[PDB]
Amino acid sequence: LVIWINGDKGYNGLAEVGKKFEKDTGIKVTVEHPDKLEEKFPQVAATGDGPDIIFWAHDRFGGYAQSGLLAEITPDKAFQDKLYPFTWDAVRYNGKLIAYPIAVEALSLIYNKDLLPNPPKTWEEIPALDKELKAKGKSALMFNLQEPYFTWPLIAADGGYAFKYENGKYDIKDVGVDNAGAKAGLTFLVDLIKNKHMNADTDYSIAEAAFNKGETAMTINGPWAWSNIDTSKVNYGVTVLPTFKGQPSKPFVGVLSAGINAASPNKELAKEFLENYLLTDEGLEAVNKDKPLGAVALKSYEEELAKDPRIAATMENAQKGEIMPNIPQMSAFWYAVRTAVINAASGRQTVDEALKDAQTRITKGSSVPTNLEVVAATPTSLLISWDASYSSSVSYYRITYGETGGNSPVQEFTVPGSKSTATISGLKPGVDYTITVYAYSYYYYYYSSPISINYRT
């Protein structure tokens, strides 16, 4: 068994779990932490190399899954029960489970216990709190306003959402950026800036420095920031995010996941290392003692880690939050919502006109299918993949390929509408090829804007 985990993770602790797995199977478990493994993995996976199992944030596993680089796992209903139900959503791609949830990460309210022993429960309290802290040379709250990741929890509190998640599946046409809930949260954000309780230019560096110096009573940040606060000697706590209109703040949730290589011949061995060795209290502890995982998916060991109220706050916020969509369409969400917040916060646009523009940007006419890519290639063949969002509406994909700039009649085949990968063979080495995919409806037409890419073998 070959395992890839990041260098910042408890890789020596994982090696102790491997030693125990070896101690009663005779199966050698080797743990590697290559540089840039998240870039490395797809380069080696389809082309017959790579590890049996990969550990990474779930926001990358989506790209791996579209290319079919990850085995569909099949854990028991009883094993699933051992883990928090929402974690299973993070590792679901195309209705299939493609990874095991390991750890959970989300933003929390970080407060200065000296300045503010009892931090506010609602966003509505903060203005008045700020005004009283000003009269004492301080501010209530500073955090990264430039990034939708940090500001989305407040915007989502009511209606706000990225893409509706209905039953194991995203509805990429249903976007909740424009709804009255999203307007209410952003309006409140903008009003904080308007009423001089916050500053529109405040970024990550300015927020962190202020809090760690003791200039501001609160910040909004993730577990990664704790180590720098520990060193600052600030008497800090970590707690649930404030409510807005009675509703919990909804941060994006990131899940450290253990996926199994599709090409691996050790799939059953990997199943058992993970299920019956790593995802136990003794498995996760050995890794946690090496380097802390934060909040974990395994209920049993999470109940123990929560003795640390910072880890408990991370879990509470995560459970009130929204799993981070790992679909390619998130990139349109980030760009449009980034612009909207900045434009509303700067006073360049009204909240209404900023989020409207973002909604129409997300839902704008696009490529169908989307994110077509070469995943691996010999000099005579290509492996290609594309996004499967519309598979229910798609009867079949029609794929064409031909030498770029040339005038030969294209070569053509079709693939069923459930499919999202394809092989192209019989090509010429060192030649540019234009690959186009058309998505056909059940009604004899293809959906607007087929997608093409160029690539040289």
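When you see a residue number, it is the position in the sequence shown, counting from 1.
The mean Cα B-factor in the deposited entry runs higher for 421-429 than for the other of 394-402 and 421-429.
Annotation for residue 117: C-alpha temperature factor in the middle third relative to the rest of the modelled chain, per the entry. When all modelled residues of the chain are sorted by CA temperature factor, residue 187 is found within the lowest third. Ranked against the other modelled residues of its chain, the C-alpha B-factor of residue 416 as given in the entry falls in the lowest third.
Residue 320: CA B factor in the middle third of modelled residues in this chain (values from the PDB entry). Ranked against the other modelled residues of its chain, the C-alpha B-factor of residue 165 as given in the entry falls in the highest third.
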